[PDB]
Amino acid sequence: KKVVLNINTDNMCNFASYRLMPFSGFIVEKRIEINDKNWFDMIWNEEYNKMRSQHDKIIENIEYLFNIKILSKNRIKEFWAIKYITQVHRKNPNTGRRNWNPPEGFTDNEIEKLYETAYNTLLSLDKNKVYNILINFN
Amino acid sequence: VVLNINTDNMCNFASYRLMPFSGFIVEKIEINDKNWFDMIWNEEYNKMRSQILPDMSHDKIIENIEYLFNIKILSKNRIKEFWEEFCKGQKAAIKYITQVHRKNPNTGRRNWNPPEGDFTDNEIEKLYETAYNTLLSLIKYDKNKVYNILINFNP
Amino acid sequence: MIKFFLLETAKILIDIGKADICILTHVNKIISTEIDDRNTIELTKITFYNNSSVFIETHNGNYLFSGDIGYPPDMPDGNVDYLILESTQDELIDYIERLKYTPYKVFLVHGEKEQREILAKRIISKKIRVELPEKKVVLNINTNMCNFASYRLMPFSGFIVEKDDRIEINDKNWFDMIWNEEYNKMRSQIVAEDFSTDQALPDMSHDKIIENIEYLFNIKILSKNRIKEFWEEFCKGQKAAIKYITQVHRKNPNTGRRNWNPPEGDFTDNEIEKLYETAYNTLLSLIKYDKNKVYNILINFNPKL
Amino acid sequence: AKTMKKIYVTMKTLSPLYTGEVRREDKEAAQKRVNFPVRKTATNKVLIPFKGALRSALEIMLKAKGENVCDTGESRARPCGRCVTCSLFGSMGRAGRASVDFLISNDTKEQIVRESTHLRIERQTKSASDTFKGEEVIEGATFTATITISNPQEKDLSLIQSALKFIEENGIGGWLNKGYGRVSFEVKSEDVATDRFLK
Amino acid sequence: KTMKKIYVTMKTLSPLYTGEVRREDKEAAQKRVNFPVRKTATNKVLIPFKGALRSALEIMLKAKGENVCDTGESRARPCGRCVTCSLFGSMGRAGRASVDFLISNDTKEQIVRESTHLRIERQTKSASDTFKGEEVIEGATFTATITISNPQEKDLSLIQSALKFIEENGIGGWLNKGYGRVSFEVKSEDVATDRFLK
Amino acid sequence: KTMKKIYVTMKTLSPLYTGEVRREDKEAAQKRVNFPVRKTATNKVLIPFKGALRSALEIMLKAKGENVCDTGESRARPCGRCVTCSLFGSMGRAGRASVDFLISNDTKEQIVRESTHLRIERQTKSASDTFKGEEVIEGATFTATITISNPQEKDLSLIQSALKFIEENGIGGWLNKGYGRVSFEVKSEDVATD
Amino acid sequence: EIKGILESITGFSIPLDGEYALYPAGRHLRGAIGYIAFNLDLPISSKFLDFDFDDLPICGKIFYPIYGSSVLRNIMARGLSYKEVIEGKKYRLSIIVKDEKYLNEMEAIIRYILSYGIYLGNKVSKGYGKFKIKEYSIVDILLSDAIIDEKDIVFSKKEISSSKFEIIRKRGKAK
Ligand SMILES: [Zn+2]
Ligand SMILES: [Zn+2]
Ligand SMILES: [Zn+2]
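Residues numbered from 1 in each chain as written, not as in the entry; some residues may be left out. Chains lettered and ligands numbered in written order. Part of a larger assembly, values for the part shown. Heavy atoms only, no water. Residues with missing side-chain atoms left out of burial classes, pairs and counts.

Per the deposited record, determination of this structure is attributed to cryo-EM, with the resolution reported as 3.13 Å.

A. Here's a closer look at the sheet that holds strand β1 (residues 2–3) of chain C. Residues and elements named next belong to chain C. On the basis of which strands lie adjacent, the open sheet formed by three strands has the order β1-β2-β3 and antiparallel pairing. In the strand order of this sheet, the two ends are held by β1 and β3 (12–13), each with one partner. Sheet topology places β1 next to strand β2 (residues 6–7); two bridges connect them, and they run antiparallel. By the bridge assignment for β2, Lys3 is matched with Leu6. (Pairing = 2+ DSSP bridges. Helix = DSSP H or I, 4+ residues; strand = E, 2+ residues; numbered from the N terminus.)

B. Geometry of the nonpolar core. With 52 residues, the main nonpolar core has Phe49, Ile146 and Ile171 of chain E as its most contacted residues. Of all the secondary structure elements, the ones that give two or more residues to this core are β1 (2–12), α2 (50–64), α3 (83–88), β6 (141–149), α5 (155–169) and β7 (182–192) of chain E. For this core, the leading source of residues is α2 of chain E, giving seven residues. Those residues in contact with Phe49 of chain E that lie beyond four places of it in its chain are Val8, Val99, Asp100, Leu102, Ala144, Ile146, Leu163, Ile166, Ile171 and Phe184 of chain E. Grouped together as the second largest cluster of nonpolar side chains are 47 residues, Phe101 of chain E together with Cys85, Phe165 and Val182 of chain F included. (Core = buried A, V, L, I, M, F, W, Y, C linked by side-chain atoms within 4.5 Å. Buried < 20%, exposed > 50% of the residue type's maximum accessible area, 1.4 Å probe, protein only. Contact = heavy atoms within 4.5 Å.)

C. Here's a closer look at the interface of chain D and chain E. Contacts between the two partners involve 44 residues from chain D, matched on the other side by 36 residues from chain E. Here chain D and chain E share an interface that buries about 3,200 Å² over both sides, 51% of which is from carbon and sulfur atoms. On the chain D side of the interface with chain E, the three residues burying the most area are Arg23, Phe197 and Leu198 of chain D, jointly 22% of the side's total. Between the two partners, chain D and chain E, sit eight salt bridges. Note that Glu59 of chain D is salt-bridged to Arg122 of chain E, the shortest N-O span being 3.3 Å. The set of elements that each furnish at least two residues to the side of chain D that touches chain E consists of β1 (3–13), α1 (24–30), α2 (51–65) and β2 (98–99) of chain D. With seven residues, α2 of chain D is the single largest residue contributor to the side of chain D that touches chain E. (Buried area = accessible area lost by both parts, 1.4 Å probe. Salt bridge = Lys/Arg side-chain N within 4 Å of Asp/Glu carboxyl O.)

D. Fine view of the sheet that holds strand β6 (residues 40–41) of chain C. Residues and elements named next belong to chain C. Judged by pairing direction, the sheet is mixed, and its seven strands sit side by side in the order β6-β7-β8-β9-β10-β11-β12 without closing on themselves. Only two strands of the sheet have a single partner each, and these edge strands are β6 and β12 (129–131). Bridge count between strand β11 (residues 105–109) and β12: three bridges; the pairing is parallel. The partner of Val106 across the bridge, within β12, is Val130.

Rendered as structure tokens:
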């Protein structure tokens, strides 16, 4: 039932022989306190996150996919599993677009065919056998 | 430090009892609302120049506003304009409601929206006076309850 | 302009920084008597005149610094716009009066208050204006006047606001407008039971919820933004999701429309209303389950949330 | 492409013209003097929406002709993207080729906009039941716009001209039922090169 | 050893709409307006400017026949040999023209007004959908500073031609409805880079 | 001897972006935003302040006419003799300037916001790609203090000139798109023993 | 003896063998305090030049050899790759003073830290390794890496005003 002020007393203005400062904040009670909007940003996010707490042919295929820059080191690094390839291959039905990199230099059905070829190649791909061939692509 | 605001309408976000509160931290360390400011401001506005309501229950008000909203006397447009006139002070809302309710001696019309439904003329005048008394009692309450009444009807 | 003397247009100093100083009597270059009187120099044509005076003809304004006057002085015979005169009395008068093309505004400098005020009053009675010296531009957004003690006065109390380019003067209407705007922003930040204890609902099986949500995801009623705002309103509690789905499903009595997206298809009105109440009952049955179960329900349609 | 179509459209107003104010601050500042303000610029001219009128005109006439043209006037309706109006004015997938401007007037508000008074005559008793003051644009006022088609086809000028004759027939904006907005159009198009400004 | 500072002042002849980018600011504004404008935290209006110039120059130079690439289609890379690739940047080399955001001189209460926009049924001529969108008024002025390092001879000509293309087409959103038709004024100034080294 | 302490307070007039370097927090953030802002464990935002100053002085000192290095350009190792090698340091010798990271005076939940960026086709004029990147709001005040050992007479002027070059060019990333047009207030002091 | 609390404003990185140190040792503290003595030209900086002169994460009790490596984060620069500890954490300061001749000099060093700060770790001129003092004072005075005749311990003595770096590699016990 006491009163504590958590608002900065800096930027104090003078009017009508009166010290004052207009503020816009939150009155909190468990003591009764005057917390700024920031106290409310820390709380909202805090609780929102809290709520959140509760061999030859395939190697030739990566050899052809690396030159056209559809399979970049940005791909095999994230490769090193089936859920990720399904998420990359997932054509969004509203815009008609996969998450693959487009080839450089090709008709649309051709580019769809090499997207399917990249999916089949990375689906066909021991962990040591995965560690080879990709080392030559860095 | 002493708060000069009554802590009503007090929402429940988890174990943190809460109120969005706008105001002034006067270091006289008092925390008053805008009303003190207007009574301050007009103070200097008459000082420096010198140097050179009815009662209705809160259940009755929401019942009457619901009834007048159903017969479209109190429209969304009307509740909005009453809210902007109430935000400018009690006297401006009093003058606006007096202007709206005023029977013009020439035309015989009031500025209220006519009721929707088969009503007799005497009952229509009773509904107009009911709207006048209900909103006149709404001027008497503080701003945070007069929004919590009017948020249900004009979001 | 002249700051109390630095007179930009440059920043030439007459008797600070980046200047061409011209000392008087009675930086990058110092100009004094070399150039004698009656001879002009460039930098803005500068000519010195003997006192017993610096004359800068610029593009806008011809400035004259007099210096101390003791004896007949020497004055230019051209055109003077500003006359910077010291005051520490009749000698200054005729020094002003005997000069052709009397200046627009004179400046009094280097004296006390009483002598400067007496000379200033003597120059207003000669019908030449005076200035008595002792940055963001300022804008009056005001609107009645007075005439107390021969000053035009206005009793006003207000606010000064400071932006990066200007300082404005506002009245209580601006403060009322921004206070109403900030009150509307503050009250639209909270709902009464967000992120609180978990709160009269229809019940339906998980497979039927899968079937109905998939069917209203194929046709465009339950969409990705709808599932996104549904999950965000579910995170802030059960009653918040109740209020959100009641707001979405609400049929306006004036227009007869709801906030659902209309289905893509050839459905007639009764079937569209059946799909709308199907969406309402399906999502109402979805608020019953636990948060992880609803997340596993809705990740298969909106991978973001 | 390498060519673009520019259609300079000049409107002469034949009937009174009203298009209501949409800015909430300007409308709320004008409700203390007129109950129906005209949609006006901050440089004191008058602007009229023009893309929706052309699209509504073309959709009504092409639906009457029997073409497979969608109705984007229905509540939250989506354009399919295969109509001729979808190619011209736009679709949800790709933007439209035609870039229609607002109809900015050639004259300032104090010269073409007048404040008028309309009433509500009661059927018996012939008295003034209600009375409202609204702003309007006078007859003979000239408006200008530029319709800019990025990828011209052979049927882009013809359909724009047909929609302009339909707007002349039915009215451009506002109280079209009471006789407002009956106007006339002059059309001066020119296919300009896309690389014109480079030089 | 030389830069070309271009000071661009732009005045809106048509009401201007650009879209709010910040998600938090947008959902703060979606309780009052369905289409807020891009604004600073200094309450000033923000317009993206580099993409408009690059798209104008790419469209005009592709129409003229020069071998300028399209950075507009999906995940396409700049080749690094075009005039636009040298001017506005490739993946290897950075951009010679440092284009500034179009900062308005006035704040939101002066030049930004919320507006009512409609969707009307084609038959029955009745307002079917309604939404509120903020927009920038006519006569509002905006300021940008384009700094060109290692300036070639044609950079002022290409930037002025791109600005004429933005005058003819528009800047921001709702370009088909008449929004964003503006007028540019250019004050170029040749600058030695060592001016601060006093 | 004496030491120079230069306090720089930094007000952003344009938005600001600086990409997050921490791979763990990047992959924790790359499921919500694709370009996270460089942040702290204290939920503050810091900017790399040194190489911007060194690059500003290097371009200006090379184009005015003295002998300086290029640096940050493949194998352009510092010479050890020029003005920049004295001020900001060289390989064999050590730096005389200890330029701090530009820590913001506020937290990330009040100045850092998610934002939308696009890529739009030129024939269809429709949004072809989008991505979410965080950015720092305008008017957010950053604070740093830089420390200069054994100062010359042309030290505060050189730091001031490089700061003005940063107010022209920008700091952080996405400089060509308009991000990072900021302003500096500078306060200098010279400290000694006791 | 100086007890104190060092709060990290900016993250710090100390390479080891490419392993990293979860917490800074007293070696970097001694070197940085010696730079404080040298740059303000205290005489005791000469005492910092010799190897011997004989004068931890923080539950208020300091940790003992759960912090763990989870504190380490991999950071990729423009072309560089390293790892660092995050900031925002209280660390232990125990400067053991055994002579009265240099106690006032060490207190002056500590006062200069309390005014501005102290840098521990790599890339000091880039801003990495900021450490603000939070509490300090004066009190009355295996766990760390100890040299006994084993594990490799590498400490270095970069002598200023001679332009010489030499990284001593010795053997010692494990804490
Ligand atoms: Zn269509
Ligand atoms: Zn290219
Ligand atoms: Zn060097």
